[PDB]
S.K.: 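Pasting in a structure now, in structure tokens, and then I'll have a few things to ask.
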Amino acid sequence: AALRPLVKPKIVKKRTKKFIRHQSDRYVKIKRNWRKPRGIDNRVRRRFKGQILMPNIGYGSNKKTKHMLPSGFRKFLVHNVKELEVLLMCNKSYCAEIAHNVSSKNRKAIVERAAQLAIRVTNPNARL
Amino acid sequence: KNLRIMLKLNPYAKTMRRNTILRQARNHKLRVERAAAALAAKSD
Amino acid sequence: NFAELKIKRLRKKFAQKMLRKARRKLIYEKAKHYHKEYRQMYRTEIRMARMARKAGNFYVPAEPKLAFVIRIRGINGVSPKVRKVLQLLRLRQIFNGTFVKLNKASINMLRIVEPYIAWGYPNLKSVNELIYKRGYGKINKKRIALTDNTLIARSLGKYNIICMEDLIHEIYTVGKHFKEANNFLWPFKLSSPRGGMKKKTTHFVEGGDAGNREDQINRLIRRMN
Amino acid sequence: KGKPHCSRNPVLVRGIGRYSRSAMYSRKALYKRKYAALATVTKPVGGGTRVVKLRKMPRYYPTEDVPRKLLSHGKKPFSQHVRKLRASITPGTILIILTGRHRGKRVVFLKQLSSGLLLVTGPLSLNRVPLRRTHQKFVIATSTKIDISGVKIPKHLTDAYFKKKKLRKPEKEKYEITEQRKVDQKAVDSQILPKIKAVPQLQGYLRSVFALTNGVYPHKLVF
Amino acid sequence: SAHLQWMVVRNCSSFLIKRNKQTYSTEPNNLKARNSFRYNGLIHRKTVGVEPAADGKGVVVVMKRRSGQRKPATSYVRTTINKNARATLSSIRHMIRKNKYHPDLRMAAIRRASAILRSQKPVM
Amino acid sequence: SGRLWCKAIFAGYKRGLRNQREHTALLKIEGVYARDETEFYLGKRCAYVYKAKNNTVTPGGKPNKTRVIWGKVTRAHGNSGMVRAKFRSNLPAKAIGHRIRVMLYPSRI
RNA sequence: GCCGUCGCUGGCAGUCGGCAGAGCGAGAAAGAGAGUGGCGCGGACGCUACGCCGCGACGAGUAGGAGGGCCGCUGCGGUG
RNA sequence: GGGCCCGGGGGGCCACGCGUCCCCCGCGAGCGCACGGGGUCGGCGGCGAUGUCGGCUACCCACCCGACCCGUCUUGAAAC
Ligand SMILES: [Mg+2]
Ligand SMILES: [Mg+2]
Ligand SMILES: [Mg+2]
Ligand SMILES: [Mg+2]
Ligand SMILES: [Mg+2]
Ligand SMILES: [Mg+2]
Ligand SMILES: [Mg+2]
Ligand SMILES: [Mg+2]
Ligand SMILES: [Mg+2]
Ligand SMILES: [Mg+2]
Ligand SMILES: [Mg+2]
């Protein structure tokens with residue numbers, strides 16, 4: 001019974017696993033954030049078979065469904081009611097996300113206003 | 001593989017194919033007629 | 001007043017429709033003529049040989065004027081001379097195909113790239129199916145599928161090549177404008193031979209694939225086209 | 001205006017006529033058949049009258065709208081598709097049903113409905129399959145046939161007759177065999193059944209059920 | 001001129017929002033809140049603005065008068081329309097088309113008026 | 001009542017010797033030991049049927065532990081009756097050497 | 001099929017609407033020319049031109065060079 | 001065989017107004033089907049509130065295939 005987007009095409013992801021950094025499973029000091037390996041002998045860098053995979057532009061997402069949420073919208077962070085009224089005329093393609101640091105008192109006004117304007121809110125039930 | 005695409009390029013393909021279909025059906029009939037005549041002749 | 005202008009518009013549209021209609025009859029009759037021409041060429045060679053045999057002599061047919069060249073070897077480790085000759089034939093990729101009109105200048109080039117090509121003499125059906133299924137024009141330096149006769153007419157019309165049949169006729173008979181009509185065609189991108197090859201690394205006469213296999217190129221063209 | 005005439009060009013193959021252009025021109029006698037060049041409703045009112053607008057402008061416009069589609073061809077609705085049928089499925093043929101609660105039951109083919117679905121009967125008294133629709137891709141056509149050439153099937157047995165009637169639940173709702181269906185079952189069965197009993201042991205065949213057993217492989221055996 | 005002023009504010013304005021791969025403009029008389037030359041509500045001699053009435057009944061149509069371009073106090077003319085939904089749009093459609101006052105904003109104004117009116121209905 | 005499917009074995013995945021293409025499965029069908037006997041089965045439905053812990057809905061039935069991955073035979077494979085099958089999800093490797101059902105529909109006879 | 005790059009130094013200011021008239025893809029230079037005599041009030045989107053759109057080809061990379069980062073850290077001027 | 005397959009004395013033609021001089025001897029109307037500028041149905045079925053439906057990735061586990069530990073100097077590093 002939620003607000004629906006103008007269209008809801010099929011979202012295709014060329015990949016869903018994250019790219020884990022080389023050897024980030026072997027040490028705690030190596031975080032999983034990706035880093036382009038650059039060792040001379042690095043077998044990940046040389047693209048040996050069965051090794052960790054490197055990101056490259058080929059994995060890029062379709063321009064038509066890029067950044068699109070599972071609901072079919074695209075999010076836009078808002079901090080108050082005034083910021084919410086920009087989405088008045090793109091309410092069938094962009095939803096509202098209320099910033100984490102907005103007090104519970106101010107959320108009710110935003111969540112109420114968005115209901116009047118038919119703007120979708122991704123986190124309407126938070127800090128209640 | 002697509003008849004109407006071929007005609008947009010070579011309209012005379014339609015004439016060629018029609019003649020082939022008719023010539024091949026005509027040729028098939030004769031071979032059947034010539035066969036029946038020989039078979040009846042053998043029966044005699 | 002607008003009624004007068006509309007008439008002018010309708011009449012202009014009528015003229016274009018008639019010009020289009022008469023152009024269709026031209027290419028329709030051009031194909032009818034080439035069909036007769038091809039039949040006479042085919043029947044003529046048979047009649048020539050029959051009369052030689054009748055007299056106890058030998059009829060030696062004309063050496064073929066046309067060849068279809070296919071690149072059968074990759075791009076790793078090619079000697080500088082072979083590499084330059086393959087680019088001049090426009091066979092820059094494996095299983096690329098081109099027509100070549102034969103003469104002392106070109107036959108000696110084909111000898112240099114002998115280990116890297118399979119070539120032979122294509123028959124009329126090969127020229128047809130090649131250009132129809134895999135015919136792309138080089139129009140404004142782009143690869144355009146020949147899905148419309150206007151594509152041929154705009155580029156090669158000045159040489160009176162205005163339809164696929166004219167393009168097939170110029171290539172097959174090596175007309176006076178073979179060079180232009182042939183370079184207009186993009187190198188044919190053929191598929192891997194369905195059924196495999198014998199041995200790409202040796203000559204055809206050795207039981208391999210490279211070199212001149214004469215009319216046996218047609219069997220290869222069917223499996224790749 | 002003249003009455004329509006059947007196409008004078010008999011179809012040789014799909015898309016190609018039997019006769020050329022000039023042959024048709026003579027056939028049509030085109031040599032002598034030459035030719036040369038509201039939105040408002042006014043009403044009275046108790047101003048006297050008003051010019052009423054038939055269709056009114058929208059009272060609400062969405063913030064965004066989708067564009068139109070590009071035009072295509074050959075994408076007909078289902079109702080206009082041409083219906084095909086396997087050459088092996090002729091009326092009176094015995095079919096083996098492969099799916100549904102009646103799977104494995106041997107039934108009698110009657111006719112193909114306008115939607116391409118098949119009409120079959122058990123008959124109900126032999127295997128408890130009534131006048132029922134089934135899909136041809138989900139049956140095996142055997143080589144056993146009966147001659148139902150002289151059977152008269154009611155003309156009201158159409159796709160709409162067999163279409164399920166939706167049942168609403170707010171407990172449940174149970175399907176009830178309409179009295180018309182029972183009457184139709186006897187009308188058709190009373191003709192097909194005697195033809196079944198002419199063939200010896202055929203009725204027992206229709207009571208049995210098909211199954212695969214040890215060493216029996218479908219690709220090997222004739223149906 | 002409008003084009004000169006757009007070149008100064010296209011990327012530097014207190015009304016410019018760049019966030020989440022989206023760009024918005026929060027100035028008045030922007031019918032789509034869009035950072036665009038067409039919809040900018042400040043740089044053109046003539047502009048159209050649709051806003052809800054101070055009370056939640058009807059819309060306020062703003063048009064920029066011709067003369068006082070450098071006089072912000074008297075520049076804008078506000079009109080309150082509190083009719084039924086179809087009547088409100090018809091007034092807006094005529095105020096634009098008949099006057100030839102930014103005819104290219106006709107549907108943007110009409111779509112905005114519908115969104116404001118639809119908002120003023122009781123919330124279900 | 002009785003069986004209405006052919007017995008097939010999930011032999012393995014499509015592969016060379018050191019590369020595995022899990023999106024295709026190689027099926028061995030009972031009694032099909034030539035490439036020319038596989039024609040009856042091409043396009044037929046395939047069903048890897050198994051059991052789990054948690055109950056799941058059953059079409060036309062009440063929840064139970066049966067589960068199925070559906071697929072269909074796409075083409076023959078080799079000279080000895082093997083067929084390639086594709087499933088809505090790649091088959092689990094635990095299913096190798098276990099029963100795969102091959103249905104008698106879509107019927108072409 | 002999708003992503004990006006390169007190329008066409010490609011197309012779009014024509015949203016020219018009731019002060020209206022809907023085109024400029026088409027084988028083959030140059031005008032949808034100007035004139036002088038013989039009921040309804042209606043018609044989607046677009047265009048941050050640093051934007052949007054189309055078509056074709058292409059894509060390995062150490063040392064090294066370059067571009068773009070609505071990548072990230074701290075402080076200052078403006079702004080929110 | 002070639003000469004729009006020269007000229008004279010059953011089967012297909014992208015022949016089909018005519019005034020003429022004479023080599024030779026610029027607009028008809030409609031209507032419909034589609035192998036026609038990239039898919040639609042104007043086609044259906046089953047289940048659903050306390051145990052069931054969906055949730056790529058993520059947590060744990062299993063299996064099949066792949067898979068030697070990085071940085072570095074080096075012609076060559078998984079390197080005893
Ligand atoms: Mg190294
Ligand atoms: Mg080598
Ligand atoms: Mg093969
Ligand atoms: Mg060698
Ligand atoms: Mg690179
Ligand atoms: Mg291993
Ligand atoms: Mg190991
Ligand atoms: Mg070192
Ligand atoms: Mg050393
Ligand atoms: Mg090392
Ligand atoms: Mg060692």
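Numbers restart at 1 for each chain; the letters A, B, ... are given by sequence-line order, proteins then strands.
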S.K.: Examine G61(G): is either OP1 or OP2 under 4.0 Å from a nitrogen or oxygen in the side chain of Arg47(A)? Give yes or no.
M.R.: yes
S.K.: Is there a side-chain contact between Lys63(A) and the phosphate of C3(G), meaning an N or O under 4.0 Å from OP1 or OP2?
M.R.: yes
S.K.: If you count every heavy atom of other residues, nucleotides or ligands that lies below 6.0 Å from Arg39(C) atom CZ, does the total exceed 12?
M.R.: yes
S.K.: Using the six-membered ring wherever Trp is involved, compare the ring planes of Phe76(A) and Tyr24(E) and label them parallel, tilted or perpendicular (cut-offs 30° and 60°).
M.R.: perpendicular
S.K.: Does a sphere of radius 6.0 Å around NZ in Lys165(D) hold more than 12 heavy atoms from other residues, nucleotides or ligands, not counting ones at 6.0 Å or beyond?
M.R.: yes
S.K.: OP1, OP2 of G38(H) versus side-chain N and O of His73(D): anything below 4.0 Å?
M.R.: no
S.K.: Do the side chain of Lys142(C) and the base of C55(G) come within less than 3.5 angstrom through a donor-acceptor pair of N or O atoms?
M.R.: yes
S.K.: Quick check: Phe37(E) with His44(E) (ring centres under 6.0 Å apart)?
M.R.: yes
S.K.: Taking all non-hydrogen atoms of both residues into account, name the closest pair between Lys8(B) and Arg24(C) and its distance.
M.R.: O-NH1, 2.9 Å
S.K.: Does OP1 or OP2 of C14(H) have a side-chain N or O of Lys30(C) closer than 4.0 Å?
M.R.: no
S.K.: Distance check: side-chain N/O of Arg106(E) vs OP1/OP2 of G17(G), anything under 4.0 Å?
M.R.: no
S.K.: Looking at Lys49(A), I'd like to know whether one of its side-chain N or O atoms comes within less than 4.0 Å of OP1 or OP2 on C65(H).
M.R.: no
S.K.: Is there a donor-acceptor contact under 3.5 Å from the side chain of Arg83(D) to the main chain of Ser114(D)?
M.R.: yes
S.K.: Report the stems of RNA chain H as range-with-range entries sorted by first number; a stem here is at least three consecutive pairs, Watson-Crick or G-U wobble, both distances under 3.5 Å, and write none if there are none.
M.R.: none
S.K.: Going by purine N1 to pyrimidine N3 plus the second Watson-Crick contact, or the G-U wobble pair, all under 3.5 Å, which nucleotide sits opposite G59(G)?
M.R.: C3(G)
S.K.: For a quick test of reading the model: is some side-chain N or O of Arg143(C) closer than 4.0 Å to OP1 or OP2 of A57(G)?
M.R.: yes
S.K.: Take the protein atom CZ of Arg21(F) and the nucleotide atom P of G66(H), then report the distance between them rounded to whole Å.
M.R.: 11 Å
S.K.: Of all the nucleotides listed (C69(H), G56(G), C71(G)), which has the minimum atom distance to the side chain of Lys21(E)?
M.R.: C71(G)
S.K.: Can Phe78(D) be said to stack with the base of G43(H), given centres closer than 5.5 angstrom and planes under 30 degrees apart?
M.R.: no
S.K.: Reckon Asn149(C) has a side-chain N or O less than 4.0 Å from the OP1 or OP2 of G27(G)?
M.R.: no
S.K.: Roughly, in whole Å, what's the span from CZ in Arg23(C) to P in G27(G)?
M.R.: 6 Å
S.K.: Has the side chain of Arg20(C) got a donor or acceptor that lies under 3.5 Å from a partner of the other kind on the base of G27(G)?
M.R.: no
S.K.: Think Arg10(E) has a side-chain N or O under 4.0 angstrom from the OP1 or OP2 of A49(G)?
M.R.: yes
S.K.: Output the residues of residues 13-24 of chain D in contact with RNA chain G, where contact means a heavy atom of the residue under 4.0 Å from an atom of the strand; sort by number or write none.
M.R.: none
S.K.: Taking only side-chain N and O atoms of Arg97(E), does any of them lie within less than 4.0 angstrom of OP1 or OP2 on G17(G)?
M.R.: no
S.K.: May I ask you to evaluate whether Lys98(E) reaches the phosphate of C19(G), defined as a side-chain N or O under 4.0 Å from OP1 or OP2?
M.R.: no
S.K.: Less than 4.0 angstrom between a side-chain N/O of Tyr39(E) and OP1 or OP2 of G46(G), yes or no?
M.R.: yes
S.K.: Would you state whether a donor and an acceptor, one from the side chain of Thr58(F) and one from the base of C47(H), lie under 3.5 Å apart?
M.R.: no
S.K.: Check for me whether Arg34(E) meets the cation-pi criterion with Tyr39(E), that is, NZ or CZ under 6.0 Å from the six-membered ring centre and within 45 degrees of the ring axis.
M.R.: yes
S.K.: Counting just side-chain N and O atoms, does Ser79(D) come under 4.0 Å of either OP1 or OP2 of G43(H)?
M.R.: yes
S.K.: Can you find a side-chain donor-acceptor pair between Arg17(B) and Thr20(B) that sits under 3.5 Å?
M.R.: no
S.K.: Could you please name the option among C69(H), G21(G), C55(G) that lies closest to any side-chain atom of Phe2(C)?
M.R.: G21(G)
